[PDB]
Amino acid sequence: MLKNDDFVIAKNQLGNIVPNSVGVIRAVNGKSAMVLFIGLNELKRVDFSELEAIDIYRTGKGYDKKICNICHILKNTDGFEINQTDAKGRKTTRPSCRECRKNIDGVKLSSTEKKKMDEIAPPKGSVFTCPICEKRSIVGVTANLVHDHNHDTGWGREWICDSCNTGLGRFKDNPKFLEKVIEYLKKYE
């Protein structure tokens, strides 16, 4: 019935694995499967009766439920925050569920740190040079600026362009991943 490479959810609790955790079948033994539960990267032996096959292509945009890209638990659409709109007018939700976004968002910029950054804000319509990408721009006209902050401490960093800020987040604001980017680029340079 189940085949290698098929996707399943846990029907019930399986040790550390909560219900609705998505796994992929990695081996089959009679009516038991070795399942890689993707969120925790845990390979477990599971009886077929404890698993429910799912169709990954009937999840996400256009469907009732969506698989989170961090925890890889199948959740209702409302477990994800609306974030954008496509050309066809449909709403797009973040790929990470509200629970996983708590850890990505971390500590908010404090009120005193915000006021402090606001007192040195580049004026709208001024000529700005971003301290990261070094691009010159006209504030609010040829680039939009943001209050960047450290989400471990809640304290301010600098005024930077939105492009750079949304780049930092792709790499988790973490020098570990930036160093990985450098060695990746250098490898093919």
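Don't overthink the numbering: it's just position in the shown sequence, from 1.
Between 109 to 117 and 70 to 78, it is 109 to 117 that carries the larger average Cα temperature factor according to the deposited entry.
Stretch comparison (170 to 178 versus 6 to 14) by mean CA B-factor in the PDB entry places 170 to 178 on top. Ranking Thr129, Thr153, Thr142, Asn41 by the C-alpha B-factor listed in the PDB entry places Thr153 at the top.
Sort the modelled residues of the chain by CA B factor and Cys100 lands in the middle third.
Among all modelled residues in this chain, the alpha-carbon of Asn83 has a temperature factor (C-alpha) in the lowest third. When the modelled residues of the chain are ordered by C-alpha B-factor, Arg58 sits in the lowest third. Sort the modelled residues of the chain by CA B factor and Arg157 lands in the middle third. Annotation for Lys135: CA B-factor lies in the middle third of the chain's modelled residues.
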